[PDB]
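Right, one structure below, let's go through it.
Please treat every number below as a calculation from the coordinates, not as lab data. Cβ: placed from backbone, ideal geometry, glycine included. Neighbour counts: every protein chain shown.
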Amino acid sequence: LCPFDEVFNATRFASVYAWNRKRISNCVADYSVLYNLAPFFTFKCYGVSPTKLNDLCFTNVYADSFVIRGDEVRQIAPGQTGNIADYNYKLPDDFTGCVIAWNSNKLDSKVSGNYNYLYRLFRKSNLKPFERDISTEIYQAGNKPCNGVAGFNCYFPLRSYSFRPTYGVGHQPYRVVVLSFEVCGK
Amino acid sequence: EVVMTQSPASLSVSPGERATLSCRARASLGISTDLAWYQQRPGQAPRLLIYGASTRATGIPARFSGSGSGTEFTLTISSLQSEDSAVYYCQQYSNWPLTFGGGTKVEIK
Amino acid sequence: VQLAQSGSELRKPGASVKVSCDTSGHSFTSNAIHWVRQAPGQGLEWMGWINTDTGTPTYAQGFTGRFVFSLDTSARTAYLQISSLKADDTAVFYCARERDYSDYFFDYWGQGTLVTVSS
Ligand SMILES: *[C@@H]1O[C@H](CO)[C@@H](O[C@@H]2O[C@H](CO)[C@@H](O)[C@H](O)[C@H]2NC(C)=O)[C@H](O)[C@H]1NC(C)=O
């Protein structure tokens, strides 16, 4: 069988700018374990109907996992724009796969503020699909070169989410797992 | 769930001799050094020996050295004393069926 | 490192048992306090955890339905509920609390509460 429970149930999820990518190959993928779980608040699939996953075979399955807030969960979709889509994680316009997200307020939020999750705020250009940019070079927002020193018009590209339990539903952390298809179901 | 096969199930080694304890986990993708070693002397509650694959907890003597990464893990105790005769468990803080090992009963000759 | 729990308790089969775990002895930068069950002869079994300051409990595969985790009004002492006790439910229930946040190993352990189901 395929190690889905090594992906969805993992204790450590990476920040969105440094999203993980887990190979799933040479296994039987039973996707019915995904449908029949109470907490999965977004099982969205593009190009494949969710109910027909058990009848299809794929050569590879890649599971990208990261943590964002509820307000940018809609940003994980083909042809979407914004901070997560443009600077952190871009899905191709011809994306074939499923995007799975669920609220993890009890696991990723701390009353004093969980600063452990980062996102990229500034970048020279939009990310290509499935491209990862872990560089933390000082972004030059103006004309005077930064020379690696932050300050005026010299912003560090990464910001902290600051997850707390008392935040609203849109501001609570959401754990997102993106399945890429292009491993036979049974 | 991640299931440990902690072996040997019971050691019996002389004092002053290295005791190697192994904890293999049935994880397809591996754990990647997310293992914790506990020690439960008869009576008292378990004591955290080694968190992570290698680094030891505060107050733990240098004898308890950990090793391993991914799937095969190994704990070694150098220069055993009479107070190291206990039961050693291994835990994965990787997924969220947090599972302890079967335990190894270390005995001093 | 020696979280104070409740003492040993004898309960007839089918009754309910109240296991406490005082945690106010130290200062913890963590929101999770975990419960571990140890059989009288077998090894350690992870029961689950309850989210401090949120009160949301999480249970393992085999420790759901009859096992209920609860907190205090001050969110310091965590209580454990076992209902419809069977003759095979006798065990030592350890209360484990992690030192740092998102460090899911248990540096701090309770003394252990042994429930006995007999007559
Ligand atoms: C992740 O772990 C949870 C347990 O915490 C799994 O949930 C269980 O799933 C089985 C079926 O696979 C059910 O019979 C149980 O009732 C579920 N328990 C709970 C508490 O929900 C979950 O299946 C795991 N994730 C995956 C992808 O397997």
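Could we say that C:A87 is within 14 Å of chain B (Cβ to nearest Cβ), over 25 Å from A:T166 (Cα atoms) and more than 16 Å from the ligand (Cβ to nearest atom) here?
On the way: within 14 Å of chain B (Cβ to nearest Cβ): no; over 25 Å from A:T166 (Cα atoms): yes; more than 16 Å from the ligand (Cβ to nearest atom): yes.
It is false that C:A87 is within 14 Å of chain B (Cβ to nearest Cβ), over 25 Å from A:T166 (Cα atoms) and more than 16 Å from the ligand (Cβ to nearest atom).
Quick grid of which residues meet (1) among the hydroxyl-bearing types (S, T, Y); (2) within 21 Å of the chain's Cα centre (by Cα); (3) within 14 Å of another protein chain (Cβ to nearest Cβ):
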{"residue": "A:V7", "(1), (2), (3)": "no, yes, yes"}
{"residue": "A:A10", "(1), (2), (3)": "no, yes, yes"}
{"residue": "A:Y17", "(1), (2), (3)": "yes, yes, no"}
{"residue": "A:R23", "(1), (2), (3)": "no, yes, yes"}
{"residue": "A:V28", "(1), (2), (3)": "no, no, yes"}
{"residue": "A:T42", "(1), (2), (3)": "yes, yes, no"}
{"residue": "A:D55", "(1), (2), (3)": "no, no, no"}
{"residue": "A:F58", "(1), (2), (3)": "no, no, no"}
{"residue": "A:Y62", "(1), (2), (3)": "yes, yes, yes"}
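Among the residues of the range A:30-45, write down those that are surrounded by 14 or more Cβ atoms within 10 Å (Cβ to Cβ) and under 18 Å from B:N95 (Cβ atoms). Outline the logic, then answer.
Quick first cut of the range A:30-45, residues surrounded by 14 or more Cβ atoms within 10 Å (Cβ to Cβ) only: A:30-31, A:34, A:40, A:42-45.
Correct list: A:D30, A:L34, A:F40.
Please determine, by comparing only the residues of the range C:1-57 that are surrounded by 14 or more Cβ atoms within 10 Å (Cβ to Cβ) and hydroxyl-bearing (S, T, Y), which one is nearest to the chain's Cα centre (by Cα).
That would be C:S20.
For the range C:43-72, enumerate the residues that are within 14 Å of the ligand (Cβ to nearest atom), of a type in the set (S, T, N, Q) and part of a loop (DSSP other than H, G, I, E, B).
Answer for the range C:43-72, where residues must be within 14 Å of the ligand (Cβ to nearest atom), of a type in the set (S, T, N, Q) and part of a loop (DSSP other than H, G, I, E, B): C:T56, C:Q61, C:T64.
Yes/no per residue for (1) farther than 19 Å from A:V169 by Cα; (2) buried (at least 17 other Cβ atoms within 10 Å of the Cβ):
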| residue | (1), (2) |
| --- | --- |
| A:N9 | yes, no |
| A:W19 | yes, yes |
| A:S25 | yes, no |
| A:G47 | yes, no |
| A:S65 | yes, yes |
| A:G70 | no, yes |
| A:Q80 | yes, no |
| A:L107 | no, yes |
